[PDB]
Amino acid sequence: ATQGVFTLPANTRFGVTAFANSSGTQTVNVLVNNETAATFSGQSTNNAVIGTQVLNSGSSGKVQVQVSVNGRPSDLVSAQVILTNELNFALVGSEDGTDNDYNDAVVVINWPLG
Amino acid sequence: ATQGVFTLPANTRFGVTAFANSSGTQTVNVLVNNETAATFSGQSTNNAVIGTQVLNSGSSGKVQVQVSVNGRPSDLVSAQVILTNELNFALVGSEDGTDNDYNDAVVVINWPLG
Amino acid sequence: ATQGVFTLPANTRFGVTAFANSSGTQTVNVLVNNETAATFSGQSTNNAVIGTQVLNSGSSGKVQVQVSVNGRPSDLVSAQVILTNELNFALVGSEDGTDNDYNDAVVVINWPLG
Amino acid sequence: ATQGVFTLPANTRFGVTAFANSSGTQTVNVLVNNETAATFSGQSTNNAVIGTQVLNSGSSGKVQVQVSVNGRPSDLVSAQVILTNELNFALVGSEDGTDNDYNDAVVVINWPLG
Amino acid sequence: XXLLXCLXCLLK
Amino acid sequence: XXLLXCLXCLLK
Amino acid sequence: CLXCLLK
Ligand SMILES: [Ca+2]
Ligand SMILES: [Ca+2]
Ligand SMILES: [Ca+2]
Ligand SMILES: [Ca+2]
Ligand SMILES: [Ca+2]
Ligand SMILES: [Ca+2]
Ligand SMILES: [Ca+2]
Ligand SMILES: [Ca+2]
């Protein structure tokens, strides 16, 4: 199944934050209405924030996370969880290799903000 | 029910990161083995990262997140989510006021690292 | 924080199912648009389904789960989870006593159907 | 990434329950320690429970859900969610066709029991 | 179900 | 953040 | 692994 695609409420500001746990330099692309809205890129094996940004979900509300290392797409896993019917997390993990720890880039999307 | 308390695998390194969405200054305390291991502080209404750190879950693995604003404890919501039986997220929302958006301090714990 | 309250897409069919793990007889009430729409009841310490029913989320989409034992409201915990941006679970646990296993009545709401 | 595989605490009783939302007859197999422990089958487009059982996670704790329709394996999505650090759900959705509603067989695994 | 299981069922 | 933000920011 | 041994 498709992973890393979330339907947000339309026109809503949301946070996106990326952490790195890999020898490879991670590139995180955040797409909004099928166009690249943000791109983070960094390297760490110790969970460093390689990017954080507040974006707008746009008229469609559709947000997609894509991860790649040296042009190779990472395998994604994802889910969305909602706490007390209000606080939303969209969670992405990614594996750029063979050890299958799926933390090589970790992406957290949260809303609402403010 | 108790919220903000997670049993991690023992002696395991994890990432802990806090975001703020509130006019009030947020204080986020992370206890390991019932003792403070990190304290984050900051103010933002734009989802700013007010703290990020790697800690060790210790011999018990018990990790507790506490949130307060000018000394007033916030109401907490929390849950743990596991993706592909490997990638863990412990998630906390907090409410310091009356509007109940539960994003005033948002805390994300993730593991494994590396 | 409020638990057991979920905002489904309006006018949508959903399933609600309840399991029992307690010596006390569980009473699960499902409210739609703040009016009782289904009530399950039963006792089991072996996870017996005490009820399962298809309901319509109504014009508001507001679904509430309430659990009591012998007139006494159980403490509730809940979350919502979405898989591949389509499949929804609203999850409820409840505690009627002091051992805090929070399984005394377990309620699973899923959608879409069909 | 692998889906439908969960590491439970070893030698623990857990409930597993399957729902059907498809014109195709669902076959749900539940493996413990890579051996089939339970098999559910039924057809419904209205979320009928086609199986519920209590199983033991065994010495490894490894529980796998497999879904097929007339022998054709279904595409799986899955995650595990933990409430108040105690109540565990392992969730499976499956898709047997082209509409991608991933509700054709829905499987819920919950623990602890009793 | 043993002493406890009886008390349980009995009292509730 | 406007008259709203300023009050909030001031008082807290 | 030698590739990894260089990490
Ligand atoms: Ca990896
Ligand atoms: Ca890694
Ligand atoms: Ca608030
Ligand atoms: Ca807020
Ligand atoms: Ca109990
Ligand atoms: Ca119980
Ligand atoms: Ca389908
Ligand atoms: Ca279907």
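The chains referred to below are lettered A, B, ... by the order of the sequence lines, with proteins before strands, and numbering in each begins at 1. All heavy atoms count here, side chains included; hydrogens, waters and symmetry mates do not.
Donor-acceptor pairing under 3.5 Å is lacking for the side chains of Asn33(D) and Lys62(D). Counted by atom type alone, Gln80(A) and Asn88(A) present one or more donor-acceptor pairs between their side chains at under 3.5 Å. For the 3.5 Å distance criterion, the side chains of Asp96(C) and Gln26(C) qualify, holding a donor opposite an acceptor. Residues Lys12(F) and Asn70(B) have side chains that never bring a donor and an acceptor to within less than 3.5 angstrom of each other. A donor atom on one side chain and an acceptor atom on the other are not found under 3.5 Å apart for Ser74(A) and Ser94(A).
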### side chain to side chain contact (heavy atoms under 4.5 Å, CB included) assessment of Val30(B) paired with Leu55(B)
CA-CA 9 Å; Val30(B) 191; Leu55(B) 301 166; 3.9 Å; yes
### Query
Taking it one step at a time, do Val63(B) and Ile109(B) satisfy side chain to side chain contact (heavy atoms under 4.5 Å, CB included)?
CA-CA 10 Å; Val63(B) 178; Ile109(B) 289 161; 4.0 Å; yes
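Every residue two or more places apart in sequence or in another chain that forms a side chain to side chain donor-acceptor pair (under 3.5 Å) with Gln3(B) is listed here: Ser78(B). Scored by the side chain to side chain contact (heavy atoms under 4.5 Å, CB included) test, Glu86(A) finds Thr84(A), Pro112(A), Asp101(B) as partners (sequence neighbours excluded).
In this structure, the side chains of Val108(D) and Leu91(D) come closer than 4.5 Å at one or more pairs of heavy atoms.
Distance alone, capped at 3.5 Å, is enough to place a donor-acceptor pair between the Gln43(B) side chain and the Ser22(B) backbone. Between the side chain of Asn21(C) and the backbone N or O of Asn47(C), at least one donor-acceptor pair lies under 3.5 Å.
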